[PDB]
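What you see below is based on every heavy atom in this structure, not just the backbone, and it leaves out hydrogens, waters and symmetry mates. Count residues from 1 along the sequence.
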Amino acid sequence: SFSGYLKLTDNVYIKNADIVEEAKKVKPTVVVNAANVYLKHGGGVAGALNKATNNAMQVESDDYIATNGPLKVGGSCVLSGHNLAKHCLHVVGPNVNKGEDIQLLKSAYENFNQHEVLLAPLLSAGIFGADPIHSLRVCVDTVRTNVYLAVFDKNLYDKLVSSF
Ligand SMILES: O=C(O)[C@@H]1CCC[C@H]1c1ccc2cnccc2c1
């Protein structure tokens, strides 16, 4: 039921949209969160998704970390999607503003291949400090399953499409 997306490749689609409003409308099987290793959803996409769940995402995430410990950079976990989706795939891309290695971005996108279809943001972009044009290139060259990318900033969406 995804609508208004521009087809970039056989399996990658993109739209200028707020991933929160997109999730509420579609209720996809999987929404991807741009997580950190501690699942502390303070800002960016994670802060927005968590606020839309009335903090239920953060309560579930704190129980997951108390049991399992932190994720790896490049890793992921599957938790509830709450009121937004059936599942939330929390994926940790490298944070360049914390000095993490951009080379781990391909490993982060490989987590998407475990799900037939996903609603997602660009990993390591925004407050994680990587170049979004690079993040879209790694996405297209790594993900083989059907990915619907929601880009919040209109100016960035136009730059990503015009330079693809
Ligand atoms: O698409 C973007 O412009 C950026 C790229 C990196 C993460 C994206 C982002 C960031 C904050 C968001 C806040 N609310 C809703 C969706 C949000 C999406």
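Panel note: side chain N113, backbone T142; a donor-acceptor pair is recorded below 3.5 Å. Listed for the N16 side chain is a donor-acceptor partner under 3.5 Å among the backbone atoms of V151. Under the 3.5 Å distance criterion, the side-chain polar atoms of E60 are matched with a main-chain donor or acceptor of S80. The main-chain N or O of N111 is never found under 3.5 Å from a side-chain atom of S76 such that the two would form a donor-acceptor pair. Side-chain atoms of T145 do not come within 3.5 Å of backbone N or O of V117 as any donor-acceptor pair. Between the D101 side chain and the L104 main chain, no donor and acceptor come within less than 3.5 Å of each other. Between the side chain of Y5 and the main chain of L149, no donor-acceptor pair closer than 3.5 Å is present. One N or O on the side chain of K15 and one on the backbone of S3 form a donor-acceptor pair closer than 3.5 Å.
Closest non-hydrogen pair, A130 versus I102, comes out as CB-CD1, 3.6 Å. Shown here for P94 and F128, the closest heavy-atom pair between the two residues is O-CD2, 3.8 Å. Nearest heavy-atom pair, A52 versus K24, reported as atom, atom and distance to 0.1 Å: CB-CE, 4.4 Å. Taking all atoms of both residues into account, the shortest heavy-atom contact from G93 to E100 is O-OE1, 4.2 Å. For the pair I65 and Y38, the tightest heavy-atom approach, listed with the atom from each and the gap, is CG1-O, 3.5 Å. The two residues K27 and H82 have their closest heavy-atom pair at NZ-O, 3.2 Å.
The distance from the CG atom of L49 to the CE atom of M57 is 5.0 Å, given to the nearest 0.5 Å. Expressed to the nearest 0.5 Å, how far NZ of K159 lies from CG of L136 amounts to 12.0 Å. Taking CG of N95 as the start and CG of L123 as the end, the distance is 12.0 Å to the nearest 0.5 Å. Considering NZ of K72 and SG of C77, their distance stands at 13.0 Å, rounded to 0.5 Å. Between the CG atom of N33 and the OG1 atom of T53 there is a distance of 10.0 Å, given to the nearest 0.5 Å. Here NE2 of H134 is found 11.5 Å from CG of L122. Values are rounded to the nearest 0.5 Å.
Using a 4.0 Å cut-off between charged nitrogen and carboxylate oxygen, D141 and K106 do not count as a salt-bridge pair.
Residues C88 and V32 form no side-chain contact, since every pair of their non-hydrogen atoms from C-beta on lies 4.5 Å or further apart. Contact annotation: the side chain of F164 approaches that of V140 to within less than 4.5 Å [non-hydrogen atoms, C-beta and beyond].
One hydrophobic cluster, built from ILVMFWY side chains closer than 4.5 Å, cannot hold both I19 and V78; they sit in different ones. In this structure, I133 is a member of the same hydrophobic cluster as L105, with clusters built from ILVMFWY side-chain heavy atoms closer than 4.5 Å. Following chains of ILVMFWY side-chain contacts shorter than 4.5 Å, one can reach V138 starting from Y157, so the two form part of one hydrophobic cluster. Both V30 and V12 belong to a common hydrophobic cluster when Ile, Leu, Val, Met, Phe, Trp and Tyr are linked at side-chain heavy-atom distances under 4.5 angstrom. Hydrophobic clustering of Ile, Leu, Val, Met, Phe, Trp and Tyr side chains at less than 4.5 Å, counting indirect connections, unites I14 with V147.
Side-chain atoms of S61 and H41 form a donor-acceptor pair, as typed in the model, at a separation below 3.5 Å. Inspection of the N55 and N50 side chains reveals an N or O donor paired with an N or O acceptor under 3.5 Å.
A parallel orientation is assigned to the rings of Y148 and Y13, their planes being inclined by less than 30° (bins at 30° and 60°).
Summarising the local packing, CG of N54 is surrounded by 12 or fewer heavy atoms from other residues, nucleotides or ligands at distances under 6.0 Å. Within 6.0 Å of atom CD in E21, more than 12 heavy atoms from other residues, nucleotides or ligands are found, so the atom counts as buried in its surroundings. Annotation for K7: atom NZ counts as buried by contact number, over 12 foreign heavy atoms lying within 6.0 Å.
Only one option out of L89, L39, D63 pairs with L79 in a side chain to side chain contact (heavy atoms under 4.5 Å, CB included); it is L39. Of the candidates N11, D10, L6, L8 forms a side chain to side chain contact (heavy atoms under 4.5 Å, CB included) with just one, namely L6.
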May I have the step-by-step check of side-chain contact (heavy atoms from CB on, under 4.5 Å) for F112 and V91, ending in yes or no? CA-CA 9 Å; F112 285 26; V91 180; 4.0 Å; yes

Go through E22 and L119 one step at a time and tell me if the side-chain contact (heavy atoms from CB on, under 4.5 Å) criterion holds. CA-CA 8 Å; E22 201 63 18; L119 171 65; 3.8 Å; yes

